[PDB]
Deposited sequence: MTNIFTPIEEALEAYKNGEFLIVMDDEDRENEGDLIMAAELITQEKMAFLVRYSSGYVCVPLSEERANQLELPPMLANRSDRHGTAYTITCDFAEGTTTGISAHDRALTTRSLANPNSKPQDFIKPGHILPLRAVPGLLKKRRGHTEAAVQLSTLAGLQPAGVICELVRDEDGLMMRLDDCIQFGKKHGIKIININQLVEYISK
């Protein structure tokens, strides 16, 4: 009565809905909004930013990040050099621009030269094997997109309370899910599904 079954969640995700994603069933977990990178619109990015930390990240497979020439920022969260999609962006930071960059990172036709670096999106490198190898929200995002038959790219950000800026724990995530009609899953639940 809290968590949506994985197959129903995948259909929602396939249809461009967010999911609220927790690590497991624990009440003290903090929730992230995750949706498919290729499906995020200006409006959906506006929504993500409105209700989150705004430090918007785009999980990609290591293979995809390599293809796009997005190396690790340095040589734990695997940040690459940041980027903006060049054509059709101005400030890079607008909801429109961040959404366009995110969709572009997912698009199999995108080329390394299509992006300006640094920029205003934070791509993250998901490890090969995804949630079977590392139970990160990065791997969760790419796993969700893969299971949904979509490009191996997601977009994520942490839910934050309007009242005081504290991250939303489970109870607040339940309330947020009900208010906005967004389904909730957890990573343990997702690992159980993909395993056996």
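Comparing the deposited sequence with the modelled residues shows gaps at 1-2, 78-83, with numbering starting at 1.
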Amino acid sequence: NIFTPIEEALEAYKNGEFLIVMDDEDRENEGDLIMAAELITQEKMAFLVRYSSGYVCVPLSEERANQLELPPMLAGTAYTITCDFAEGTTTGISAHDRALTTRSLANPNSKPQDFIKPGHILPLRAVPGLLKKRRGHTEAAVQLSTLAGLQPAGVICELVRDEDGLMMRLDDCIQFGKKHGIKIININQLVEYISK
From here on, numbers count along this sequence of modelled residues.
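Between 153-161 and 65-73, it is 65-73 that carries the larger average Cα temperature factor according to the deposited entry. Legend: mean Cα B-factor per stretch from the PDB entry, 52-60 versus 130-138; the higher mean is in 130-138. Within the group 103, 120, 111, 125, the record's highest C-alpha temperature factor is found at 111. Among the modelled residues of the chain, residue 81 sits in the middle third by CA temperature factor in this PDB entry.
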